[PDB]
Amino acid sequence: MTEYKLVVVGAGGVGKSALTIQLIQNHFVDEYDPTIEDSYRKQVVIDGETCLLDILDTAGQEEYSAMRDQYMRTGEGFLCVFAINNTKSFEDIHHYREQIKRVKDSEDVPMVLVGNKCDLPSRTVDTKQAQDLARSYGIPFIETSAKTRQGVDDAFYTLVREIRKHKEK
Ligand SMILES: Nc1nc2c(ncn2[C@@H]2O[C@H](COP(=O)(O)OP(=O)(O)O)[C@@H](O)[C@H]2O)c(=O)[nH]1
Ligand SMILES: C[C@H](CN1c2ccccc2Sc2ccccc21)N(C)C
């Protein structure tokens, strides 16, 4: 069993805790405080390998910058989640990519672009927009929903596989 640290990165309100809890407790949560930051452990047999995925639902602003940079350095995978009905959080993705690349001091970082709330209207972020952005970062992009659970398992599985490829590079 290989232990893998899967951290979710995104803006406050994209559904970090929701998507995480959905796969951990197998149920959607409508009300959950965004300040709640905790990690969850889940052993999944991916490709014949039982990997222990340690998913982290971070809050945002830490008490100390060192701790911030620390959890980012030990993080193996970074799930970039945004809202398809919000351009603000979509543009915030550039900040995360830039930051993580500096914090880990590495350009090759296993990331996966995930567009949550694909079942909701007012879609401002075009699929082509996100796809092009993902291609520019050399990472995959999957539309998901914490409600319909569409492509959720796939998005997470891909993230783990991306890490693997980076490890066996
Ligand atoms: N409709 C809809 N609401 C979501 C979705 N994901 C999260 N939310 C809601 O966003 C609010 C905060 O969710 P939370 O788990 O705190 O996500 P976070 O604060 O971004 O980490 C709650 O009302 C969640 O139910 C989603 O995919 N669809
Ligand atoms: C995010 C932390 C655990 N953690 C960590 C804690 C303090 C300093 C550095 C780190 S390394 C890290 C990396 C990935 C997931 C969680 C952490 N905990 C709130 C779950």
# chains A, B, ... in the order shown; residues from 1 in each chain; ligands from 1
>>> residues_near_ligand(ligand="ligand 2", cutoff="7 Å", atoms="only C-alpha atoms and all ligand atoms", output="ChimeraX atom specification")
/A:5-7,37-39,54-56,58,67,70-75
>>> closest_atom_pairs(of="chain A", to="ligand 1", cutoff="7 Å", atoms="only C-alpha atoms and all ligand atoms", output="Markdown table")
| residue | atom | partner | partner_atom_place_in_ligand_line | distance |
| --- | --- | --- | --- | --- |
| A:11 | CA | ligand 1 | 20 (O) | 6.5 |
| A:12 | CA | ligand 1 | 20 (O) | 4.5 |
| A:13 | CA | ligand 1 | 20 (O) | 3.3 |
| A:14 | CA | ligand 1 | 20 (O) | 4.0 |
| A:15 | CA | ligand 1 | 17 (O) | 3.2 |
| A:16 | CA | ligand 1 | 21 (O) | 3.5 |
| A:17 | CA | ligand 1 | 15 (O) | 3.5 |
| A:18 | CA | ligand 1 | 15 (O) | 3.6 |
| A:19 | CA | ligand 1 | 6 (N) | 6.3 |
| A:29 | CA | ligand 1 | 25 (O) | 5.4 |
| A:30 | CA | ligand 1 | 25 (O) | 3.3 |
| A:31 | CA | ligand 1 | 22 (C) | 4.9 |
| A:32 | CA | ligand 1 | 16 (O) | 4.6 |
| A:33 | CA | ligand 1 | 16 (O) | 5.0 |
| A:34 | CA | ligand 1 | 19 (O) | 3.7 |
| A:57 | CA | ligand 1 | 21 (O) | 6.6 |
| A:116 | CA | ligand 1 | 27 (O) | 5.3 |
| A:117 | CA | ligand 1 | 27 (O) | 4.2 |
| A:120 | CA | ligand 1 | 1 (N) | 6.7 |
| A:145 | CA | ligand 1 | 27 (O) | 4.5 |
| A:146 | CA | ligand 1 | 27 (O) | 3.7 |
| A:147 | CA | ligand 1 | 27 (O) | 5.5 |
>>> write_last_selection(atoms="N, CA, C and O atoms", output="JSON list (two decimals), in the first residue's frame")
[["chain", "number", "residue", "atom", "x", "y", "z"],
["A", 11, "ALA", "N", -10.40, 28.08, -5.06],
["A", 11, "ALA", "CA", -10.91, 29.23, -4.33],
["A", 11, "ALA", "C", -11.98, 28.83, -3.33],
["A", 11, "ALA", "O", -12.61, 27.78, -3.48],
["A", 12, "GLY", "N", -12.18, 29.66, -2.32],
["A", 12, "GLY", "CA", -13.19, 29.37, -1.32],
["A", 12, "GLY", "C", -14.60, 29.42, -1.89],
["A", 12, "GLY", "O", -15.12, 30.49, -2.19],
["A", 13, "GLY", "N", -15.20, 28.25, -2.08],
["A", 13, "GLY", "CA", -16.54, 28.19, -2.63],
["A", 13, "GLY", "C", -16.63, 27.32, -3.86],
["A", 13, "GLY", "O", -17.70, 27.18, -4.45],
["A", 14, "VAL", "N", -15.51, 26.71, -4.27],
["A", 14, "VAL", "CA", -15.51, 25.86, -5.45],
["A", 14, "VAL", "C", -16.07, 24.48, -5.11],
["A", 14, "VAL", "O", -16.55, 23.76, -5.98],
["A", 15, "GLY", "N", -16.03, 24.14, -3.83],
["A", 15, "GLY", "CA", -16.54, 22.86, -3.38],
["A", 15, "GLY", "C", -15.44, 21.89, -2.98],
["A", 15, "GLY", "O", -15.60, 20.68, -3.14],
["A", 16, "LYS", "N", -14.34, 22.43, -2.44],
["A", 16, "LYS", "CA", -13.21, 21.60, -2.02],
["A", 16, "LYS", "C", -13.64, 20.54, -1.01],
["A", 16, "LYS", "O", -13.41, 19.35, -1.22],
["A", 17, "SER", "N", -14.28, 20.97, 0.07],
["A", 17, "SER", "CA", -14.73, 20.05, 1.11],
["A", 17, "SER", "C", -15.85, 19.13, 0.60],
["A", 17, "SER", "O", -15.91, 17.97, 0.98],
["A", 18, "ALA", "N", -16.69, 19.66, -0.28],
["A", 18, "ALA", "CA", -17.81, 18.89, -0.82],
["A", 18, "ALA", "C", -17.35, 17.70, -1.66],
["A", 18, "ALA", "O", -17.74, 16.57, -1.40],
["A", 19, "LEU", "N", -16.52, 17.97, -2.66],
["A", 19, "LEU", "CA", -16.03, 16.92, -3.54],
["A", 19, "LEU", "C", -15.21, 15.90, -2.76],
["A", 19, "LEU", "O", -15.27, 14.70, -3.05],
["A", 29, "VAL", "N", -22.57, 16.90, 0.90],
["A", 29, "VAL", "CA", -22.84, 17.74, 2.05],
["A", 29, "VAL", "C", -23.19, 19.14, 1.58],
["A", 29, "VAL", "O", -22.39, 19.79, 0.91],
["A", 30, "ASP", "N", -24.39, 19.59, 1.89],
["A", 30, "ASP", "CA", -24.85, 20.91, 1.47],
["A", 30, "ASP", "C", -24.28, 22.02, 2.33],
["A", 30, "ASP", "O", -23.90, 23.07, 1.83],
["A", 31, "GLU", "N", -24.20, 21.80, 3.63],
["A", 31, "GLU", "CA", -23.70, 22.83, 4.52],
["A", 31, "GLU", "C", -22.42, 22.40, 5.22],
["A", 31, "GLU", "O", -22.41, 21.45, 5.99],
["A", 32, "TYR", "N", -21.34, 23.11, 4.93],
["A", 32, "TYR", "CA", -20.04, 22.83, 5.54],
["A", 32, "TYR", "C", -19.23, 24.11, 5.53],
["A", 32, "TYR", "O", -19.06, 24.75, 4.49],
["A", 33, "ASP", "N", -18.73, 24.49, 6.70],
["A", 33, "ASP", "CA", -17.95, 25.71, 6.85],
["A", 33, "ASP", "C", -16.66, 25.66, 6.03],
["A", 33, "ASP", "O", -15.91, 24.67, 6.07],
["A", 34, "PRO", "N", -16.38, 26.72, 5.26],
["A", 34, "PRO", "CA", -15.19, 26.81, 4.41],
["A", 34, "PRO", "C", -13.89, 26.96, 5.21],
["A", 34, "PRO", "O", -12.80, 26.77, 4.67],
["A", 57, "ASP", "N", -8.28, 18.98, 2.50],
["A", 57, "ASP", "CA", -9.23, 20.04, 2.22],
["A", 57, "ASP", "C", -8.79, 21.30, 2.96],
["A", 57, "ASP", "O", -9.29, 21.62, 4.04],
["A", 116, "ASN", "N", -15.91, 22.04, -11.36],
["A", 116, "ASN", "CA", -17.04, 21.60, -10.56],
["A", 116, "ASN", "C", -18.30, 22.41, -10.88],
["A", 116, "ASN", "O", -18.20, 23.52, -11.43],
["A", 117, "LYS", "N", -19.45, 21.85, -10.53],
["A", 117, "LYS", "CA", -20.76, 22.49, -10.73],
["A", 117, "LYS", "C", -21.15, 22.53, -12.20],
["A", 117, "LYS", "O", -21.83, 23.45, -12.64],
["A", 120, "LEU", "N", -24.81, 23.01, -13.00],
["A", 120, "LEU", "CA", -25.46, 24.28, -12.72],
["A", 120, "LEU", "C", -25.40, 25.21, -13.93],
["A", 120, "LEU", "O", -24.51, 25.07, -14.78],
["A", 145, "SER", "N", -19.14, 17.37, -10.91],
["A", 145, "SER", "CA", -20.23, 17.90, -10.12],
["A", 145, "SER", "C", -20.29, 17.15, -8.80],
["A", 145, "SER", "O", -20.30, 15.92, -8.79],
["A", 146, "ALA", "N", -20.30, 17.88, -7.69],
["A", 146, "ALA", "CA", -20.36, 17.27, -6.37],
["A", 146, "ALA", "C", -21.75, 16.72, -6.10],
["A", 146, "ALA", "O", -21.97, 15.99, -5.14],
["A", 147, "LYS", "N", -22.69, 17.07, -6.97],
["A", 147, "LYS", "CA", -24.07, 16.62, -6.83],
["A", 147, "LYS", "C", -24.32, 15.36, -7.66],
["A", 147, "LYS", "O", -24.72, 14.33, -7.13]]
>>> closest_residue(among="A:4, A:64, A:40, A:82", to="residue 130 (chain A)", atoms="only C-alpha atoms")
A:82
>>> closest_residue(among="A:169, A:112, A:163, A:3", to="residue 141 (chain A)", atoms="only C-alpha atoms")
A:112
>>> residues_around(residues="residue 85 (chain A)", least_positions_apart="3", cutoff="8 Å", atoms="only C-alpha atoms", output="list in words")
residues 117, 120, 121, 122, 123, 124 and 125 of chain A
>>> residues_around(residues="residue 101 (chain A)", least_positions_apart="2", cutoff="12 Å", atoms="only C-alpha atoms", output="NGL selection string")
:A and (69 or 72-73 or 78 or 94-99 or 103-111 or 137)
>>> write_last_selection(atoms="N, CA and C atoms", output="compact mmCIF listing (two decimals), in the first residue's frame")
# COMPACT_ATOMS: atom_id res chain seq x y z
N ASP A 69 3.81 26.87 2.87
CA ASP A 69 4.79 26.35 1.94
C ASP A 69 5.14 24.90 2.25
N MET A 72 2.50 22.40 1.00
CA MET A 72 2.53 22.45 -0.45
C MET A 72 3.72 21.67 -0.99
N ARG A 73 4.79 21.63 -0.22
CA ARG A 73 6.00 20.93 -0.62
C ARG A 73 5.83 19.42 -0.46
N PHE A 78 -1.88 17.82 -6.89
CA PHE A 78 -2.66 19.03 -6.68
C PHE A 78 -3.88 19.07 -7.59
N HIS A 94 -4.34 30.59 -12.15
CA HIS A 94 -3.01 31.03 -12.57
C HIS A 94 -2.14 31.29 -11.35
N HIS A 95 -2.77 31.82 -10.30
CA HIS A 95 -2.06 32.12 -9.06
C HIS A 95 -1.55 30.85 -8.40
N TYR A 96 -2.39 29.82 -8.39
CA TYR A 96 -2.03 28.56 -7.78
C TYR A 96 -0.90 27.89 -8.56
N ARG A 97 -1.03 27.85 -9.88
CA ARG A 97 0.00 27.25 -10.73
C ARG A 97 1.35 27.93 -10.51
N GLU A 98 1.33 29.26 -10.50
CA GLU A 98 2.54 30.05 -10.29
C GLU A 98 3.14 29.81 -8.91
N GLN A 99 2.29 29.83 -7.89
CA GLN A 99 2.72 29.64 -6.51
C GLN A 99 3.30 28.25 -6.28
N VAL A 103 6.86 27.21 -4.83
CA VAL A 103 6.92 26.56 -3.52
C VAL A 103 7.66 25.23 -3.60
N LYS A 104 7.32 24.41 -4.59
CA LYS A 104 7.97 23.12 -4.76
C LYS A 104 9.25 23.25 -5.58
N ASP A 105 9.45 24.44 -6.14
CA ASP A 105 10.63 24.74 -6.96
C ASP A 105 10.75 23.73 -8.10
N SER A 106 9.61 23.36 -8.65
CA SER A 106 9.55 22.41 -9.74
C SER A 106 8.48 22.82 -10.75
N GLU A 107 8.79 22.66 -12.03
CA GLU A 107 7.85 23.02 -13.09
C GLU A 107 6.91 21.85 -13.37
N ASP A 108 7.43 20.65 -13.23
CA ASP A 108 6.65 19.45 -13.47
C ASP A 108 5.91 19.02 -12.21
N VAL A 109 4.68 19.49 -12.07
CA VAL A 109 3.86 19.17 -10.91
C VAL A 109 2.56 18.48 -11.34
N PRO A 110 2.29 17.27 -10.81
CA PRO A 110 1.07 16.52 -11.14
C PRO A 110 -0.19 17.26 -10.73
N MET A 111 -0.83 17.91 -11.69
CA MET A 111 -2.04 18.66 -11.45
C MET A 111 -3.13 18.20 -12.40
N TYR A 137 -0.72 24.02 -19.54
CA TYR A 137 0.00 23.63 -18.34
C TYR A 137 0.44 22.17 -18.42
>>> select_by_dssp(residues="region 43-145 of chain A", states="alpha helix (DSSP H)", output="number ranges by chain")
A: 65-73, 87-103, 127-137
>>> select_by_dssp(residues="chain A", states="strand (DSSP E)", output="VMD selection string")
chain A and resid 3 to 10 38 to 46 49 to 57 77 to 83 111 to 116 141 to 143
>>> atom_distance(atom1="CA of residue 155 (chain A)", atom2="CA of residue 61 (chain A)")
25.5 Å
>>> closest_residue(among="A:42, A:153, A:65, A:83", to="residue 126 (chain A)", atoms="only C-alpha atoms")
A:83
